[PDB]
$ cat final-v5.cif   # mmCIF, C-alpha atoms and all ligand atoms
data_query
loop_
_atom_site.group_PDB
_atom_site.id
_atom_site.type_symbol
_atom_site.label_atom_id
_atom_site.label_comp_id
_atom_site.auth_asym_id
_atom_site.auth_seq_id
_atom_site.Cartn_x
_atom_site.Cartn_y
_atom_site.Cartn_z
ATOM 1 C CA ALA M 31 -12.333 -34.701 -12.768
ATOM 2 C CA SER M 32 -11.301 -34.909 -9.083
ATOM 3 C CA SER M 33 -13.299 -34.314 -5.859
ATOM 4 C CA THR M 34 -10.366 -34.771 -3.479
ATOM 5 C CA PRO M 35 -7.392 -33.192 -5.360
ATOM 6 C CA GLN M 36 -5.265 -36.040 -6.723
ATOM 7 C CA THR M 37 -1.913 -34.145 -6.570
ATOM 8 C CA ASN M 38 0.221 -34.236 -3.352
ATOM 9 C CA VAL M 39 1.517 -31.113 -1.535
ATOM 10 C CA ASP M 40 5.088 -31.533 -0.180
ATOM 11 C CA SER M 41 4.018 -31.645 3.529
ATOM 12 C CA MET M 42 7.071 -31.650 5.876
ATOM 13 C CA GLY M 43 5.523 -34.370 8.136
ATOM 14 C CA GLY M 44 8.983 -35.496 9.374
ATOM 15 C CA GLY M 45 9.616 -32.024 10.938
ATOM 16 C CA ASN M 51 4.587 -31.783 15.478
ATOM 17 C CA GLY M 52 2.791 -28.703 14.015
ATOM 18 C CA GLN M 53 5.153 -26.985 11.498
ATOM 19 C CA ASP M 54 8.866 -26.138 10.839
ATOM 20 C CA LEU M 55 8.068 -22.707 12.400
ATOM 21 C CA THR M 56 8.764 -22.912 16.132
ATOM 22 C CA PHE M 57 7.168 -20.489 18.581
ATOM 23 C CA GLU M 58 10.756 -19.196 19.023
ATOM 24 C CA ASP M 59 10.882 -18.220 15.310
ATOM 25 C CA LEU M 60 7.486 -16.503 15.676
ATOM 26 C CA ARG M 61 8.611 -14.688 18.838
ATOM 27 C CA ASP M 62 11.798 -13.621 16.985
ATOM 28 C CA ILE M 63 9.550 -11.917 14.379
ATOM 29 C CA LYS M 64 8.063 -10.022 17.352
ATOM 30 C CA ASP M 65 11.615 -9.202 18.519
ATOM 31 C CA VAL M 66 12.357 -7.520 15.140
ATOM 32 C CA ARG M 67 8.990 -5.654 15.139
ATOM 33 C CA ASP M 68 9.305 -4.531 18.787
ATOM 34 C CA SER M 69 12.940 -3.321 18.416
ATOM 35 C CA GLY M 70 12.192 0.063 16.771
ATOM 36 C CA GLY M 71 14.875 1.840 14.712
ATOM 37 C CA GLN M 72 15.194 1.855 10.929
ATOM 38 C CA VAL M 73 14.217 -1.729 9.970
ATOM 39 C CA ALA M 74 10.970 -1.728 12.001
ATOM 40 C CA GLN M 75 10.108 1.692 10.521
ATOM 41 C CA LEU M 76 10.523 0.429 6.919
ATOM 42 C CA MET M 77 8.214 -2.540 7.549
ATOM 43 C CA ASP M 78 5.661 -0.145 9.146
ATOM 44 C CA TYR M 79 5.854 1.948 5.932
ATOM 45 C CA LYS M 80 5.077 -1.241 3.955
ATOM 46 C CA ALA M 81 1.977 -1.854 6.125
ATOM 47 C CA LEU M 82 0.834 1.776 5.654
ATOM 48 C CA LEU M 83 1.242 1.646 1.839
ATOM 49 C CA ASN M 84 -0.628 -1.642 1.514
ATOM 50 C CA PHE M 85 -3.443 -1.021 4.030
ATOM 51 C CA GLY M 86 -3.284 2.553 5.428
ATOM 52 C CA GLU M 87 -5.486 4.335 2.828
ATOM 53 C CA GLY M 88 -8.649 2.575 4.138
ATOM 54 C CA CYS M 89 -11.308 0.496 2.403
ATOM 55 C CA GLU M 90 -14.772 0.306 0.810
ATOM 56 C CA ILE M 91 -17.372 -2.502 0.822
ATOM 57 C CA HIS M 92 -19.318 -3.213 -2.374
ATOM 58 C CA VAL M 93 -22.013 -5.758 -3.180
ATOM 59 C CA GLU M 94 -22.849 -6.366 -6.855
ATOM 60 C CA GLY M 95 -26.636 -5.817 -7.128
ATOM 61 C CA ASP M 96 -26.750 -4.499 -3.510
ATOM 62 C CA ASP M 97 -30.133 -2.740 -3.965
ATOM 63 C CA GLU M 98 -31.892 -6.069 -4.715
ATOM 64 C CA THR M 99 -30.825 -7.379 -1.262
ATOM 65 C CA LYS M 100 -32.946 -4.680 0.498
ATOM 66 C CA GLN M 101 -34.654 -6.253 3.525
ATOM 67 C CA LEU M 102 -36.305 -5.170 6.814
ATOM 68 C CA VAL M 103 -33.679 -6.038 9.467
ATOM 69 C CA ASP M 104 -34.224 -3.948 12.650
ATOM 70 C CA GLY M 105 -37.837 -3.475 11.468
ATOM 71 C CA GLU M 106 -36.288 -1.025 8.923
ATOM 72 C CA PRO M 107 -34.633 -1.295 5.443
ATOM 73 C CA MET M 108 -31.015 -2.361 4.972
ATOM 74 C CA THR M 109 -29.112 -3.625 1.968
ATOM 75 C CA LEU M 110 -26.321 -6.129 2.607
ATOM 76 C CA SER M 111 -23.733 -3.350 2.109
ATOM 77 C CA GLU M 112 -25.498 -1.236 4.780
ATOM 78 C CA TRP M 113 -25.605 -4.269 7.093
ATOM 79 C CA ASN Y 226 27.262 11.624 19.467
ATOM 80 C CA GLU Y 227 26.084 15.236 20.051
ATOM 81 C CA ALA Y 228 28.109 15.481 23.289
ATOM 82 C CA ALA Y 229 31.110 13.931 21.464
ATOM 83 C CA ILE Y 230 30.909 16.581 18.699
ATOM 84 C CA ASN Y 231 30.670 19.470 21.206
ATOM 85 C CA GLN Y 232 33.708 18.159 23.125
ATOM 86 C CA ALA Y 233 35.569 17.585 19.819
ATOM 87 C CA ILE Y 234 34.862 21.170 18.588
ATOM 88 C CA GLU Y 235 36.109 22.521 21.953
ATOM 89 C CA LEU Y 236 39.465 20.709 21.567
ATOM 90 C CA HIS Y 237 39.986 20.508 17.789
ATOM 91 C CA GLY Y 238 37.773 23.183 16.161
ATOM 92 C CA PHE Y 239 40.141 26.022 17.157
ATOM 93 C CA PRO Y 240 43.926 26.341 16.594
ATOM 94 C CA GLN Y 241 46.028 26.633 19.783
ATOM 95 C CA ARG Y 242 49.442 28.286 20.275
ATOM 96 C CA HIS Y 243 52.470 26.100 21.199
ATOM 97 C CA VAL Y 244 55.554 28.097 22.218
ATOM 98 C CA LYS Y 245 58.664 25.871 22.326
ATOM 99 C CA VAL Y 246 61.628 27.306 24.266
ATOM 100 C CA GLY Y 247 65.363 26.546 24.237
ATOM 101 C CA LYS Y 248 67.727 25.182 21.593
ATOM 102 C CA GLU Y 249 67.244 21.590 20.431
ATOM 103 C CA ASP Y 250 70.024 19.488 22.088
ATOM 104 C CA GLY Y 251 70.893 22.718 24.035
ATOM 105 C CA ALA Y 252 70.412 23.952 27.636
ATOM 106 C CA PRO Y 253 67.200 22.692 29.380
ATOM 107 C CA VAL Y 254 64.416 25.103 30.365
ATOM 108 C CA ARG Y 255 62.581 24.544 33.707
ATOM 109 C CA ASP Y 256 59.012 25.409 34.800
ATOM 110 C CA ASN Y 257 60.004 28.740 36.451
ATOM 111 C CA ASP Y 258 61.623 29.737 33.139
ATOM 112 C CA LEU Y 259 58.494 28.826 31.159
ATOM 113 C CA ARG Y 260 56.366 30.924 33.613
ATOM 114 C CA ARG Y 261 58.163 34.055 32.367
ATOM 115 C CA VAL Y 262 57.793 33.050 28.701
ATOM 116 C CA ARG Y 263 54.066 32.321 29.363
ATOM 117 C CA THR Y 264 53.741 35.877 30.745
ATOM 118 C CA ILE Y 265 55.128 37.303 27.449
ATOM 119 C CA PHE Y 266 52.962 35.161 25.113
ATOM 120 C CA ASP Y 267 49.730 35.007 27.206
ATOM 121 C CA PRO Y 268 46.652 34.748 24.867
ATOM 122 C CA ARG Y 269 44.613 36.456 27.663
ATOM 123 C CA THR Y 270 46.456 39.784 27.159
ATOM 124 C CA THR Y 271 47.672 39.421 23.541
ATOM 125 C CA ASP Y 272 45.791 41.374 20.847
ATOM 126 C CA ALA Y 273 45.250 40.819 17.099
ATOM 127 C CA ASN Y 274 48.203 42.987 15.958
ATOM 128 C CA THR Y 275 50.796 42.056 18.597
ATOM 129 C CA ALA Y 276 54.307 41.421 17.226
ATOM 130 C CA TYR Y 277 57.089 39.292 18.738
ATOM 131 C CA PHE Y 278 60.859 39.805 18.879
ATOM 132 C CA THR Y 279 63.041 36.865 19.916
ATOM 133 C CA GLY Y 280 66.399 35.206 19.876
ATOM 134 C CA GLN Y 281 66.722 32.207 17.542
ATOM 135 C CA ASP Y 282 65.932 29.665 20.317
ATOM 136 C CA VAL Y 283 62.213 30.480 20.740
ATOM 137 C CA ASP Y 284 59.685 28.903 18.345
ATOM 138 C CA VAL Y 285 56.009 29.870 18.099
ATOM 139 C CA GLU Y 286 54.560 26.612 16.793
ATOM 140 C CA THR Y 287 50.795 26.072 16.495
ATOM 141 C CA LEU Y 288 48.269 23.287 16.779
ATOM 142 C CA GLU Y 289 46.135 23.677 13.659
ATOM 143 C CA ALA Y 290 42.376 23.211 13.897
ATOM 144 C CA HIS Y 291 42.358 19.525 12.911
ATOM 145 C CA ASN Y 292 39.675 19.191 10.244
ATOM 146 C CA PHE Y 293 36.837 16.690 10.826
ATOM 147 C CA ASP Y 294 33.373 16.498 9.253
ATOM 148 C CA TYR Y 295 31.070 17.194 12.219
ATOM 149 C CA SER Y 296 28.427 18.408 9.718
ATOM 150 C CA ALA Y 297 28.289 14.916 8.190
ATOM 151 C CA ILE Y 298 28.132 13.341 11.684
ATOM 152 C CA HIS Y 299 25.210 15.677 12.530
ATOM 153 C CA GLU Y 300 23.446 14.814 9.252
ATOM 154 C CA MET Y 301 23.932 11.094 10.015
ATOM 155 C CA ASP Y 302 22.723 11.460 13.640
ATOM 156 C CA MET Y 303 19.674 13.485 12.581
ATOM 157 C CA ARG Y 304 18.836 10.965 9.814
ATOM 158 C CA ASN Y 305 19.067 8.173 12.412
ATOM 159 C CA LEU Y 306 16.894 9.976 14.995
ATOM 160 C CA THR Y 307 14.198 11.295 12.613
ATOM 161 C CA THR Y 308 13.821 7.923 10.824
ATOM 162 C CA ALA Y 309 13.721 6.138 14.225
ATOM 163 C CA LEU Y 310 10.935 8.539 15.340
ATOM 164 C CA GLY Y 311 9.143 8.049 11.947
ATOM 165 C CA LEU Y 312 9.510 11.743 10.945
ATOM 166 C CA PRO Y 313 10.802 12.853 7.497
ATOM 167 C CA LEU Y 314 14.470 13.930 7.375
ATOM 168 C CA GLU Y 315 13.322 17.521 6.644
ATOM 169 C CA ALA Y 316 11.831 17.863 10.176
ATOM 170 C CA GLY Y 317 15.383 17.852 11.651
ATOM 171 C CA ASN Y 318 16.598 20.902 9.624
ATOM 172 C CA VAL Y 319 18.545 18.429 7.391
ATOM 173 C CA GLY Y 320 17.973 17.626 3.676
ATOM 174 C CA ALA Y 321 19.047 15.267 0.857
ATOM 175 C CA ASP Y 322 19.743 15.535 -2.905
ATOM 176 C CA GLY Y 323 17.026 14.438 -5.385
ATOM 177 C CA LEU Y 324 14.655 13.523 -2.495
ATOM 178 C CA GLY Y 325 13.288 17.127 -2.494
ATOM 179 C CA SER Y 326 11.814 16.606 -6.019
ATOM 180 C CA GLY Y 327 9.415 14.516 -8.176
ATOM 181 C CA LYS Y 328 8.102 11.042 -7.246
ATOM 182 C CA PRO Y 329 10.858 10.722 -4.535
ATOM 183 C CA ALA Y 330 9.249 13.688 -2.740
ATOM 184 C CA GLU Y 331 5.689 12.435 -3.394
ATOM 185 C CA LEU Y 332 6.399 9.024 -1.785
ATOM 186 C CA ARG Y 333 7.895 10.324 1.498
ATOM 187 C CA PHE Y 334 5.173 12.939 2.048
ATOM 188 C CA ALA Y 335 2.540 10.291 1.174
ATOM 189 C CA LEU Y 336 4.113 7.980 3.821
ATOM 190 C CA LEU Y 337 3.956 10.832 6.372
ATOM 191 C CA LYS Y 338 0.276 11.573 5.624
HETATM 192 MG MG MG R 401 74.085 21.489 30.080
#

$ encode --input "final-v5.cif" --output "structure tokens"
Amino acid sequence: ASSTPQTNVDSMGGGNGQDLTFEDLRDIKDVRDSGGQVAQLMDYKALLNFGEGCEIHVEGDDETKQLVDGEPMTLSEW
Amino acid sequence: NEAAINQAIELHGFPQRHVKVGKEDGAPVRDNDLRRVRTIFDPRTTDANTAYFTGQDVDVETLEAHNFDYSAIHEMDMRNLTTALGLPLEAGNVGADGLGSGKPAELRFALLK
């Protein structure tokens, strides 16, 4: 029974953007760029989470079938 | 570290002969005297079954080969380099206990692939 959510969200307005400076962000790059063992471990994390590739599905894909480039595609094909 | 190990083996991996001449608190021995003793004990012309006869005031001491674990330093260096280059430890002709078996093996070879 709310359109706008009626509960507040701890926004650090007194911190102007965010508490993250560009210097903090660029220090993440410094760790990533550095090579050696710590950068390699975080690369292994990326490869485990995302390295095995992906597949697109649409539930009821066949029913979407439409002439796009004057020829049939489903939304998954598109 | 590799250069350091090679230099360390050259100095410390092999025992070296130390002939001490003269009596302790006795008469001093000068360089020209040691030249003649050096000629007697020269490792260049000594052979495996040479024997020595001396007065009491000549001591054939030795520098032992001073034990250090260069194998462990090599294993550490190779672990550092292979992991830095993203290769498995096994690529460097170095291995580790447990990691050659079961799910520990399966993970590292999965990461490589
Ligand atoms: Mg005297």

$ interface_residues --input "final-v5.cif" --of "chain Y" --to "chain M" --cutoff "8 Å" --atoms "all atoms listed in the file" --output "mmCIF file with C-alpha atoms, in the frame of the given file"
data_model
loop_
_atom_site.group_PDB
_atom_site.id
_atom_site.type_symbol
_atom_site.label_atom_id
_atom_site.label_comp_id
_atom_site.auth_asym_id
_atom_site.auth_seq_id
_atom_site.Cartn_x
_atom_site.Cartn_y
_atom_site.Cartn_z
ATOM 1 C CA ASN Y 305 19.067 8.173 12.412
ATOM 2 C CA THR Y 308 13.821 7.923 10.824
ATOM 3 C CA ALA Y 309 13.721 6.138 14.225
ATOM 4 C CA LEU Y 310 10.935 8.539 15.340
ATOM 5 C CA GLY Y 311 9.143 8.049 11.947
ATOM 6 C CA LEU Y 336 4.113 7.980 3.821
#

$ atom_distance --input "final-v5.cif" --atom1 "atom CA of residue 259 of chain Y" --atom2 "atom CA of residue 245 of chain Y"
9.3 Å

$ residues_near_ligand --input "final-v5.cif" --ligand "ligand MG 401 (chain R)" --cutoff "9 Å" --atoms "all atoms listed in the file" --output "list in words"
residues 251, 252 and 253 of chain Y

$ resolve_selection --input "final-v5.cif" --expression "the PyMOL selection byres (((chain Y and resi 334) around 12) and not hetatm)" --output "MDAnalysis selection string"
(chainID M and resid 79 83) or (chainID Y and resid 311:316 324:333 335:338)

$ atom_distance --input "final-v5.cif" --atom1 "atom CA of residue 96 of chain M" --atom2 "atom CA of residue 113 of chain M"
10.7 Å

$ residues_around --input "final-v5.cif" --residues "residue 262 of chain Y" --least-positions-apart "6" --cutoff "10 Å" --atoms "all atoms listed in the file" --output "short mmCIF file (atom, residue, chain, number, x, y, z; two decimals) with C-alpha atoms, in the coordinates of the input"
data_model
loop_
_atom_site.label_atom_id
_atom_site.label_comp_id
_atom_site.auth_asym_id
_atom_site.auth_seq_id
_atom_site.Cartn_x
_atom_site.Cartn_y
_atom_site.Cartn_z
CA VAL Y 244 55.55 28.10 22.22
CA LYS Y 245 58.66 25.87 22.33
CA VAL Y 246 61.63 27.31 24.27
CA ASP Y 256 59.01 25.41 34.80
CA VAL Y 283 62.21 30.48 20.74
#

$ resolve_selection --input "final-v5.cif" --expression "the PyMOL selection byres (((chain M and resi 97) around 12) and not hetatm)" --output "list in words"
residues 92, 93, 94, 95, 96, 98, 99, 100, 101, 107, 108, 109, 110, 111 and 112 of chain M

$ resolve_selection --input "final-v5.cif" --expression "the PyMOL selection byres (((chain Y and resi 284) around 12) and not hetatm)" --output "ChimeraX atom specification"
/Y:242-249,262,266,277-283,285-287
